[PDB]
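Q: Before I ask anything, here is the structure I am working with.
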Amino acid sequence: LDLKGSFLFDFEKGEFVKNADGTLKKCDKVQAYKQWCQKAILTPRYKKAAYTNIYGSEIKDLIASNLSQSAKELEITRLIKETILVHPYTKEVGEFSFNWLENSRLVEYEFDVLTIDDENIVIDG
Amino acid sequence: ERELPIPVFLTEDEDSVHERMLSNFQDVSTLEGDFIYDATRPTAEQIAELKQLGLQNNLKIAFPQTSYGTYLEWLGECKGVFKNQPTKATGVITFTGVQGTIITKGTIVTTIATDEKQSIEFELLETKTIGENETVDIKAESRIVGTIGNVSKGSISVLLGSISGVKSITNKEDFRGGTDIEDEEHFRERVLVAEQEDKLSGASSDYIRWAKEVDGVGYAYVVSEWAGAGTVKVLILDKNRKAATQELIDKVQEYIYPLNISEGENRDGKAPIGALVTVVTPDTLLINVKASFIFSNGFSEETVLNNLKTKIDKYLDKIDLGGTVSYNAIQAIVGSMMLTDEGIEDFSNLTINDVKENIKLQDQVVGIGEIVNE
Amino acid sequence: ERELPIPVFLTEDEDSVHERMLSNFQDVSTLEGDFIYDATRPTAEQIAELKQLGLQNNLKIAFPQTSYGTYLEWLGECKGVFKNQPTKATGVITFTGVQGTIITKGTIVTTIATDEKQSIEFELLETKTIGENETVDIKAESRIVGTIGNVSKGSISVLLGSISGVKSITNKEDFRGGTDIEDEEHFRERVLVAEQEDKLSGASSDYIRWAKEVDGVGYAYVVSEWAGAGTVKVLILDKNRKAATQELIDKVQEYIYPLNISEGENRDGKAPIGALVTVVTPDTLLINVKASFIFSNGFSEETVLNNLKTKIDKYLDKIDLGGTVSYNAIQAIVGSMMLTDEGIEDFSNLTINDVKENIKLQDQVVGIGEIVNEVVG
Amino acid sequence: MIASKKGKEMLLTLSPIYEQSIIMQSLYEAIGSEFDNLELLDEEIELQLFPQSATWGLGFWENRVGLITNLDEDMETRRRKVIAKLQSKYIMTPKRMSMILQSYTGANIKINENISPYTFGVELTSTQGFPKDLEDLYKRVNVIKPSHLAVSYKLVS
């Protein structure tokens, strides 16, 4: 497998975190994967020409859709789930939740599961 | 071959590109192993590579001076030059066998196949029956165009297929022809020659060209208007740049401007109609060089002198008819032999006709003089 | 690093040990969970763990091919090779505040500790007072060795305490004194590189080999006792035959014969004890060509001379140290442009540094001088 | 913000997170600068491909046709020499001879086809006039003309 690490990028500030040395702050494989996941979610699909069709999501386009609330909930689940699962490190994403806190303004949760989160059987002959 | 002097900015170094790449950054570590250095180095690698392999090669193939493939052939085409094609070798097979035995044209006869050589095949060009003396000579070609066809004599003693009656076959002659494709090197000069040569028609150069086309004409010189309007003179020399033989003058006369006339063939020479062309040999003023030559290893003095004779002989062509022979130019030719390591290590006391002075031709052609080691 | 072959015995399976242990029993049951099994199995398991871990690790640390850490260092000390040590970041810090304020040596100022990053501690190497100007600069050093530190220009901004009257502490320029511990594999390479058998006396051949080892040394020559007392001169030409630059000379000098040894130091260069060495480069003779050049119609005199300068210099590049300049061949270099009509219409009084004969170099290389048109009246 | 036109496009091609990234903006500003230079360089190569717009590559064209390459001469003079040199490869009809001489000089030329039995006349016209030296034109005409014909000249402003 041998996934590799990457460099931090504070999405709050929209800038790379760099040490006092001036070198960019490296970080772990798992940290890099979490960094990647948020970026892929925020990248719309088919539009940013640098990436292929695999990368990116389509959540923004769903806003203009005329589908009902429940239909939009399933589409959110499908879109987020499809976008994340392309990464090798993903094991499973699910347990989605939704809260239409206002009449038409939504908050939703979902839980991601890594490859390392798997449970291993203990036996040998 | 000729090199294209590309500008430096079109040949920037990768590191120079990378260094200019890192110049923009101000408050981030640009050291190796950093994101900025590591991420930008491949870009510099591609930018430099594209600049060199892309633009320079693209520009190079545009000109015939630095073209190699079909691009060169297209460039040669635009100025009328065409690469020579391969040809089959040819010759005669002396057959042997029972008189009356039939052998057909097109039969496959080869050389002796070996571990290091396949059966170099040949094709009979003639259908004939074995003659009175139990022999018959049949011409044949090489199935493969190129020098492979030009096999030696006696090599073709193999007949493919079951034909009895024939006792033996052989090639008495090492076959001839068998040209391969013209090389790039030869083709490039022909394209370069056509590009540089004006290639007019009716001008003095063409008269020289037609004169040199005649065999035996070493060097030719033409005077326009030697006797007024309509009058042309041709001044030819043998291969040694001496006075051309009268037959050579007659040959060049018949080639370019026959004196005899006919109603249909007015002159039918290479010269235009209305011209009045004269063909003679010029006054050959020898310029014998004498110097204290010092010669290098691995060379023969007489051979080196003949090479220097050929080099200076070329310079005499550069010298115009009635021109000025330059002592300084002769210093260039002599010293260049040393710079080229061509059998001369040192020289001194050079005197052309025993004088270190530039000589002016009086409407003559300088003839090649004797080179003397002092 | 090299993989470690292991003896078959040291890699025995746990069950194989236990099976051999139970081989002698044939009357009493040896089922798993039986009393005999209870007595024997922990011994067999403990043997396998100790045999596979404890003994194999001991074998690994034995040789420098696979040793590590302190163990690899000592094998370096067997053949007298030491790994490099780290250093503290060193630099200067600017201080601003009340003039009466005084800043003492040993004061601690750090970087901005955060959730993401911890603060890097630095110590002042000097005691100063702000009495003259509001601004003062104090040399400082990172309290921790290694490339940790070497911070950016404005990183140092934190004082652990609080000094009265100080208005602002800011580093002015990035620190540079830091360097980390040498890599184990690099040090392992150094341990294994130092395995030369002979050719170590410091003869002319040895010195030439040592000079050639330093990069940029195209050729090297040795003079024995050039100044007596076993002194050795090292005349070096660069890759392109040229005289070695001063930096290259210092590198070769320092590589073979260091000159910056302090009182508590000794030369580590390849030069053995008592063999005095000095690195030299020959003198580049300049060939100033003088002639009454005549140029063609409307052409640039500077352009033609520069092209001639390039042509001669290319020829001069072919010459070697102590070579012979061919004046008569140089005539044709000038005359080369005459044949090609490259500017020169004519020339006369062709000389090289006002000489009309071949010049022989002696402890000298030759370079292009100044092309001078005589313009004789 | 990125200044390079190419840099802005390349940055926009990536994910939109880099609005505030000074590092990424500075990075692709540098990358965009080089691609901008390459595009300008690429257009420059196109000019070299022809004798008319050869510019600094005109020496190559002069090298190609054997003309004496020389930088200090006027570029337009070098162009005119090259164009005339290339066109000398066909029949010396009055049309072709006129344009070759016209191209070399740059001034309008009319060949008279002189009345004399074996001479041809040349008449030149230029609004701006000429210098006092035009000998090299006569050198080329002597070289280029049919060997059996003399030549005459007259120059008009």
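Each chain in the structure tokens gets a letter, A, B, ..., in the order shown, and its residues are numbered from 1; ligands are numbered from 1 in order too.
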Restrict the calculation to only C-alpha atoms, then for each residue of chain C with any atom at most 12 Å from an atom of chain D give the closest atom pair and their distance in Å to one decimal, rows by chain and rising residue number, as CSV.
A:
residue,atom,partner,partner_atom,distance
C:296,CA,D:70,CA,11.0
C:297,CA,D:73,CA,10.3
C:298,CA,D:73,CA,7.6
C:299,CA,D:72,CA,6.3
C:300,CA,D:72,CA,6.0
C:301,CA,D:72,CA,9.8
C:302,CA,D:72,CA,10.1
C:303,CA,D:72,CA,8.1
C:304,CA,D:70,CA,9.5
C:307,CA,D:70,CA,11.5
C:337,CA,D:68,CA,11.7
C:340,CA,D:68,CA,9.0
C:341,CA,D:68,CA,8.0
C:342,CA,D:68,CA,7.7
C:343,CA,D:70,CA,8.8
Q: Find the residues near residue 197 of chain B: any atom within 9 Å, counting only C-alpha atoms, skip ones fewer than 4 places away on the same chain, and give them as an NGL selection string.
A: (:B and (192-193)) or (:D and (65-66 or 85 or 88-89))
Q: Could the residues in this selection be written to a file with N, CA and C atoms, as a JSON list (two decimals), in the first residue's frame?
A:
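And here is the file that came out, out_3.json:
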[["chain", "number", "residue", "atom", "x", "y", "z"],
["B", 192, "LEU", "N", 22.66, 21.95, -49.93],
["B", 192, "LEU", "CA", 23.37, 23.18, -49.57],
["B", 192, "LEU", "C", 23.96, 23.85, -50.80],
["B", 193, "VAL", "N", 24.50, 23.06, -51.73],
["B", 193, "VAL", "CA", 25.07, 23.63, -52.95],
["B", 193, "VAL", "C", 23.99, 24.32, -53.76],
["D", 65, "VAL", "N", 22.16, 30.85, -47.44],
["D", 65, "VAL", "CA", 22.37, 31.24, -48.83],
["D", 65, "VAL", "C", 23.81, 31.61, -49.14],
["D", 66, "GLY", "N", 24.72, 31.52, -48.17],
["D", 66, "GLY", "CA", 26.11, 31.81, -48.41],
["D", 66, "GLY", "C", 26.48, 33.27, -48.39],
["D", 85, "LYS", "N", 19.09, 36.99, -53.30],
["D", 85, "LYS", "CA", 19.94, 35.81, -53.47],
["D", 85, "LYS", "C", 19.11, 34.57, -53.74],
["D", 88, "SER", "N", 17.37, 34.00, -57.47],
["D", 88, "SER", "CA", 18.23, 34.00, -58.65],
["D", 88, "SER", "C", 18.30, 32.64, -59.34],
["D", 89, "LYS", "N", 17.30, 31.78, -59.15],
["D", 89, "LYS", "CA", 17.39, 30.37, -59.52],
["D", 89, "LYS", "C", 16.52, 29.99, -60.71]]
Q: For chain A against chain C, which residues fall within 6 Å using only C-alpha atoms, given as a PyMOL selection string?
A: chain A and resi 20-22
Q: Define the interface residues of chain D facing chain B as those within 9 Å, counting only C-alpha atoms, and report them as a ChimeraX atom specification.
A: /D:23,26-27,29-31,33-35,38,41-42,45-46,48-49,56-57,59-61,63-67,85-92,116-119,142-150
Q: Counting only C-alpha atoms, a student should be able to say which residues of chain D come within 8 Å of chain A; what is the right answer, written as a PyMOL selection string?
A: chain D and resi 12-23
Q: If you run DSSP on the backbone, which residues of segment 27-273 of chain B are alpha helix (DSSP H), as number ranges by chain?
A: B: 35-49, 57-62, 70-78, 184-196, 204-213, 246-256
Q: Next, write the just-selected residues to a file, as an mmCIF file, in the first residue's frame, keeping C-alpha atoms as the atom set.
A:
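Contents of result-v8.cif, as written:
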data_model
loop_
_atom_site.group_PDB
_atom_site.id
_atom_site.type_symbol
_atom_site.label_atom_id
_atom_site.label_comp_id
_atom_site.auth_asym_id
_atom_site.auth_seq_id
_atom_site.Cartn_x
_atom_site.Cartn_y
_atom_site.Cartn_z
ATOM 1 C CA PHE B 35 8.100 22.029 -1.133
ATOM 2 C CA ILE B 36 9.078 25.101 -3.146
ATOM 3 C CA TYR B 37 12.357 23.657 -4.409
ATOM 4 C CA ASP B 38 11.059 20.122 -4.898
ATOM 5 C CA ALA B 39 7.811 21.165 -6.572
ATOM 6 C CA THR B 40 9.444 23.695 -8.906
ATOM 7 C CA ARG B 41 12.436 21.619 -10.042
ATOM 8 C CA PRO B 42 10.385 19.329 -12.360
ATOM 9 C CA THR B 43 8.870 22.421 -13.970
ATOM 10 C CA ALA B 44 12.352 23.796 -14.610
ATOM 11 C CA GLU B 45 13.359 20.380 -15.946
ATOM 12 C CA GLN B 46 10.495 20.356 -18.443
ATOM 13 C CA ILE B 47 10.828 24.040 -19.355
ATOM 14 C CA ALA B 48 14.528 23.650 -20.111
ATOM 15 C CA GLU B 49 13.944 20.345 -21.900
ATOM 16 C CA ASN B 57 15.344 21.028 -32.753
ATOM 17 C CA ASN B 58 12.198 22.474 -34.335
ATOM 18 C CA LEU B 59 14.177 25.473 -35.552
ATOM 19 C CA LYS B 60 17.068 23.230 -36.602
ATOM 20 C CA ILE B 61 15.005 20.966 -38.856
ATOM 21 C CA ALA B 62 13.481 24.026 -40.540
ATOM 22 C CA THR B 70 11.956 13.922 -44.769
ATOM 23 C CA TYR B 71 12.224 17.553 -43.669
ATOM 24 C CA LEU B 72 15.624 17.704 -45.357
ATOM 25 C CA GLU B 73 14.181 16.011 -48.443
ATOM 26 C CA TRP B 74 11.366 18.555 -48.562
ATOM 27 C CA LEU B 75 13.912 21.360 -48.255
ATOM 28 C CA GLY B 76 15.966 19.778 -51.019
ATOM 29 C CA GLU B 77 12.820 19.528 -53.124
ATOM 30 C CA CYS B 78 11.968 23.232 -52.808
ATOM 31 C CA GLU B 184 22.346 12.176 -45.707
ATOM 32 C CA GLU B 185 25.849 13.649 -45.887
ATOM 33 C CA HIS B 186 25.979 13.602 -49.692
ATOM 34 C CA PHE B 187 22.391 14.806 -49.987
ATOM 35 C CA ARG B 188 22.951 17.674 -47.550
ATOM 36 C CA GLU B 189 25.825 19.094 -49.593
ATOM 37 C CA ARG B 190 23.765 18.853 -52.780
ATOM 38 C CA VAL B 191 20.914 20.686 -51.061
ATOM 39 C CA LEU B 192 23.372 23.178 -49.571
ATOM 40 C CA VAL B 193 25.072 23.629 -52.948
ATOM 41 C CA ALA B 194 21.744 24.260 -54.670
ATOM 42 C CA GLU B 195 20.695 26.661 -51.914
ATOM 43 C CA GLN B 196 23.898 28.699 -52.144
ATOM 44 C CA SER B 204 29.191 33.691 -66.602
ATOM 45 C CA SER B 205 28.854 31.108 -63.822
ATOM 46 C CA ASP B 206 26.697 28.899 -66.043
ATOM 47 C CA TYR B 207 29.298 29.190 -68.799
ATOM 48 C CA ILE B 208 31.899 28.057 -66.266
ATOM 49 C CA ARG B 209 29.529 25.292 -65.173
ATOM 50 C CA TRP B 210 29.016 24.115 -68.754
ATOM 51 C CA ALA B 211 32.764 24.284 -69.360
ATOM 52 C CA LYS B 212 33.494 22.244 -66.234
ATOM 53 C CA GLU B 213 30.814 19.752 -67.293
ATOM 54 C CA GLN B 246 43.054 22.533 -77.984
ATOM 55 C CA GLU B 247 40.818 19.456 -78.191
ATOM 56 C CA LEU B 248 39.423 20.432 -74.796
ATOM 57 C CA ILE B 249 38.775 23.898 -76.231
ATOM 58 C CA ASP B 250 37.144 22.222 -79.235
ATOM 59 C CA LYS B 251 35.081 19.996 -76.936
ATOM 60 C CA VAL B 252 33.967 22.995 -74.881
ATOM 61 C CA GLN B 253 33.361 24.915 -78.109
ATOM 62 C CA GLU B 254 31.113 22.170 -79.473
ATOM 63 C CA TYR B 255 29.514 21.811 -76.042
ATOM 64 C CA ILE B 256 28.643 25.490 -75.565
#
Q: Please, which residues in chain B fall within 6 Å of chain C when counting only C-alpha atoms, and what is the closest atom pair and distance in Å to one decimal for each, ordered by chain then residue number, as CSV?
A:
residue,atom,partner,partner_atom,distance
B:329,CA,C:335,CA,5.9
B:331,CA,C:332,CA,5.7
B:332,CA,C:332,CA,3.8
B:335,CA,C:329,CA,4.7
B:336,CA,C:332,CA,5.9
Q: Which residue, A:104, A:109, A:41, A:91, has the smallest gap to residue 68 of chain A when you use only C-alpha atoms?
A: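 So, comparing all the options, the nearest one is A:104.
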Q: Which residues of chain A are close to chain B, meaning at most 10 Å apart when you count only C-alpha atoms, and how do they look as a VMD selection string?
A: chain A and resid 6 to 7 18 to 26
Q: Identify, on the basis of only C-alpha atoms, every residue whose closest approach to residue 6 of chain D does not exceed 7 Å; exclude the query and any residue fewer than 3 positions from it along the same chain; express the result as a ChimeraX atom specification.
A: /D:9-10,32,35-36
Q: Can you list, as number ranges by chain, every protein, DNA or RNA residue that comes within 6 Å of segment 186-200 of chain C when you count only C-alpha atoms, leaving out same-chain residues fewer than 3 positions away?
A: C: 76, 83, 183
Q: Write the selection just made, keeping N, CA, C and O atoms, as a PDB file, in the first residue's frame?
A:
ATOM      1  N   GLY C  76      33.390   2.236  14.467  1.00  0.00           N
ATOM      2  CA  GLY C  76      34.106   3.341  13.858  1.00  0.00           C
ATOM      3  C   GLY C  76      35.392   3.649  14.598  1.00  0.00           C
ATOM      4  O   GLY C  76      36.414   3.971  13.984  1.00  0.00           O
ATOM      5  N   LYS C  83      31.902   9.792  13.774  1.00  0.00           N
ATOM      6  CA  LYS C  83      30.801  10.465  13.111  1.00  0.00           C
ATOM      7  C   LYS C  83      30.736  11.919  13.558  1.00  0.00           C
ATOM      8  O   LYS C  83      31.115  12.263  14.680  1.00  0.00           O
ATOM      9  N   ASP C 183      24.155  11.198   9.578  1.00  0.00           N
ATOM     10  CA  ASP C 183      23.307  10.043   9.319  1.00  0.00           C
ATOM     11  C   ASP C 183      24.061   8.752   9.598  1.00  0.00           C
ATOM     12  O   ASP C 183      25.255   8.634   9.307  1.00  0.00           O
TER      13      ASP C 183
END
Q: I'd like the neighbourhood of residue 95 of chain A as a PyMOL selection string, where a residue qualifies if any of its atoms comes within 10 Å (using only C-alpha atoms), though same-chain residues fewer than 4 positions away should be ignored.
A: chain A and resi 77+109-112
Q: Can you write out the residues you just picked, keeping N, CA, C and O atoms, as a PDB file, in the first residue's frame?
A:
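Written output follows (selection.pdb):
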ATOM      1  N   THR A  77     -25.748  11.915   0.523  1.00  0.00           N
ATOM      2  CA  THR A  77     -25.069  10.703   0.961  1.00  0.00           C
ATOM      3  C   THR A  77     -24.322  10.055  -0.193  1.00  0.00           C
ATOM      4  O   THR A  77     -23.168   9.641  -0.046  1.00  0.00           O
ATOM      5  N   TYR A 109     -24.211  15.406   9.209  1.00  0.00           N
ATOM      6  CA  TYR A 109     -23.033  14.728   9.728  1.00  0.00           C
ATOM      7  C   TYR A 109     -22.810  13.443   8.948  1.00  0.00           C
ATOM      8  O   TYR A 109     -23.746  12.858   8.401  1.00  0.00           O
ATOM      9  N   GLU A 110     -21.555  13.004   8.900  1.00  0.00           N
ATOM     10  CA  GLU A 110     -21.241  11.680   8.388  1.00  0.00           C
ATOM     11  C   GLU A 110     -19.948  11.219   9.035  1.00  0.00           C
ATOM     12  O   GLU A 110     -19.120  12.030   9.454  1.00  0.00           O
ATOM     13  N   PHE A 111     -19.780   9.901   9.099  1.00  0.00           N
ATOM     14  CA  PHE A 111     -18.647   9.275   9.766  1.00  0.00           C
ATOM     15  C   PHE A 111     -17.822   8.501   8.753  1.00  0.00           C
ATOM     16  O   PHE A 111     -18.367   7.718   7.970  1.00  0.00           O
ATOM     17  N   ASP A 112     -16.514   8.724   8.780  1.00  0.00           N
ATOM     18  CA  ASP A 112     -15.572   8.066   7.890  1.00  0.00           C
ATOM     19  C   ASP A 112     -14.829   6.977   8.650  1.00  0.00           C
ATOM     20  O   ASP A 112     -14.569   7.114   9.848  1.00  0.00           O
TER      21      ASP A 112
END
Q: Identify all residues of chain A in strand (DSSP E) (DSSP on the backbone) and supply them as number ranges by chain.
A: A: 6-7, 26-27, 90-99, 107-114
Q: Using only C-alpha atoms, determine which residues lie at most 10 Å from segment 30-47 of chain C, disregarding the query and same-chain residues fewer than 2 positions distant; provide the list as a PDB file with N, CA and C atoms, in the first residue's frame.
A:
ATOM      1  N   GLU C  12      15.200 -20.994  15.371  1.00  0.00           N
ATOM      2  CA  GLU C  12      14.391 -22.181  15.598  1.00  0.00           C
ATOM      3  C   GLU C  12      12.966 -21.799  15.971  1.00  0.00           C
ATOM      4  N   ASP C  13      12.017 -22.611  15.521  1.00  0.00           N
ATOM      5  CA  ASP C  13      10.623 -22.402  15.870  1.00  0.00           C
ATOM      6  C   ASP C  13      10.380 -22.784  17.326  1.00  0.00           C
ATOM      7  N   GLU C  14       9.396 -22.124  17.938  1.00  0.00           N
ATOM      8  CA  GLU C  14       9.059 -22.411  19.327  1.00  0.00           C
ATOM      9  C   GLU C  14       8.618 -23.858  19.496  1.00  0.00           C
ATOM     10  N   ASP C  15       7.757 -24.339  18.600  1.00  0.00           N
ATOM     11  CA  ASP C  15       7.269 -25.708  18.714  1.00  0.00           C
ATOM     12  C   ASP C  15       8.389 -26.719  18.524  1.00  0.00           C
ATOM     13  N   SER C  16       9.346 -26.422  17.644  1.00  0.00           N
ATOM     14  CA  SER C  16      10.468 -27.331  17.443  1.00  0.00           C
ATOM     15  C   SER C  16      11.258 -27.512  18.730  1.00  0.00           C
ATOM     16  N   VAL C  17      11.464 -26.426  19.474  1.00  0.00           N
ATOM     17  CA  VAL C  17      12.117 -26.535  20.774  1.00  0.00           C
ATOM     18  C   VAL C  17      11.274 -27.386  21.711  1.00  0.00           C
ATOM     19  N   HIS C  18       9.978 -27.084  21.795  1.00  0.00           N
ATOM     20  CA  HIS C  18       9.110 -27.820  22.705  1.00  0.00           C
ATOM     21  C   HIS C  18       9.011 -29.284  22.308  1.00  0.00           C
ATOM     22  N   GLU C  19       8.952 -29.559  21.004  1.00  0.00           N
ATOM     23  CA  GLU C  19       8.854 -30.939  20.546  1.00  0.00           C
ATOM     24  C   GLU C  19      10.080 -31.740  20.958  1.00  0.00           C
ATOM     25  N   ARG C  20      11.268 -31.150  20.823  1.00  0.00           N
ATOM     26  CA  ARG C  20      12.479 -31.831  21.264  1.00  0.00           C
ATOM     27  C   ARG C  20      12.464 -32.051  22.769  1.00  0.00           C
ATOM     28  N   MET C  21      11.956 -31.075  23.521  1.00  0.00           N
ATOM     29  CA  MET C  21      11.920 -31.205  24.972  1.00  0.00           C
ATOM     30  C   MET C  21      11.043 -32.373  25.401  1.00  0.00           C
ATOM     31  N   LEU C  22       9.904 -32.557  24.741  1.00  0.00           N
ATOM     32  CA  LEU C  22       8.986 -33.632  25.090  1.00  0.00           C
ATOM     33  C   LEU C  22       9.350 -34.962  24.446  1.00  0.00           C
ATOM     34  N   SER C  23      10.462 -35.034  23.713  1.00  0.00           N
ATOM     35  CA  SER C  23      10.793 -36.260  22.995  1.00  0.00           C
ATOM     36  C   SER C  23      11.054 -37.416  23.952  1.00  0.00           C
ATOM     37  N   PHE C  25       9.889 -38.044  27.004  1.00  0.00           N
ATOM     38  CA  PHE C  25       8.735 -38.571  27.719  1.00  0.00           C
ATOM     39  C   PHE C  25       7.976 -39.550  26.838  1.00  0.00           C
ATOM     40  N   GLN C  26       7.693 -40.733  27.382  1.00  0.00           N
ATOM     41  CA  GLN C  26       6.825 -41.692  26.711  1.00  0.00           C
ATOM     42  C   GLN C  26       5.840 -42.389  27.634  1.00  0.00           C
ATOM     43  N   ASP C  27       5.949 -42.234  28.952  1.00  0.00           N
ATOM     44  CA  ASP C  27       5.004 -42.822  29.891  1.00  0.00           C
ATOM     45  C   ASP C  27       3.883 -41.872  30.279  1.00  0.00           C
ATOM     46  N   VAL C  28       4.210 -40.624  30.584  1.00  0.00           N
ATOM     47  CA  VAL C  28       3.245 -39.653  31.080  1.00  0.00           C
ATOM     48  C   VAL C  28       2.690 -38.868  29.904  1.00  0.00           C
ATOM     49  N   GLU C  49      11.886 -16.986  22.269  1.00  0.00           N
ATOM     50  CA  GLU C  49      11.889 -15.529  22.288  1.00  0.00           C
ATOM     51  C   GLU C  49      13.297 -14.997  22.519  1.00  0.00           C
ATOM     52  N   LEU C  50      13.992 -15.536  23.521  1.00  0.00           N
ATOM     53  CA  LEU C  50      15.359 -15.106  23.780  1.00  0.00           C
ATOM     54  C   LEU C  50      16.268 -15.446  22.610  1.00  0.00           C
ATOM     55  N   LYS C  51      16.127 -16.650  22.060  1.00  0.00           N
ATOM     56  CA  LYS C  51      16.993 -17.062  20.964  1.00  0.00           C
ATOM     57  C   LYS C  51      16.768 -16.203  19.729  1.00  0.00           C
ATOM     58  N   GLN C  52      15.509 -15.913  19.405  1.00  0.00           N
ATOM     59  CA  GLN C  52      15.214 -15.174  18.184  1.00  0.00           C
ATOM     60  C   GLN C  52      15.488 -13.683  18.323  1.00  0.00           C
ATOM     61  N   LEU C  53      15.227 -13.099  19.493  1.00  0.00           N
ATOM     62  CA  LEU C  53      15.409 -11.665  19.704  1.00  0.00           C
ATOM     63  C   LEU C  53      16.777 -11.334  20.289  1.00  0.00           C
ATOM     64  N   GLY C  54      17.087 -11.872  21.468  1.00  0.00           N
ATOM     65  CA  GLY C  54      18.289 -11.447  22.167  1.00  0.00           C
ATOM     66  C   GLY C  54      19.562 -11.794  21.420  1.00  0.00           C
TER      67      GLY C  54
END
Q: So the first atom is atom CA of residue 351 of chain C and the second is atom CA of residue 297 of chain B; what is the distance between them in Å, to one decimal place?
A: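 Between these atoms lies a distance of 27.6 Å.
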Q: Quick one, how far is atom CA of residue 283 of chain B from atom CA of residue 364 of chain B?
A: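 Computed distance, atom CA of residue 283 of chain B to atom CA of residue 364 of chain B, equals 5.5 Å.
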Q: Skip residue 83 of chain A itself and residues of its chain fewer than 3 positions away, then list as a list in words all residues within 9 Å of it, counting only C-alpha atoms.
A: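 Skipping anything fewer than 3 positions along the chain leaves residues 37, 40, 41, 54, 55, 56, 57, 58, 78, 79, 80, 86 and 87 of chain A.
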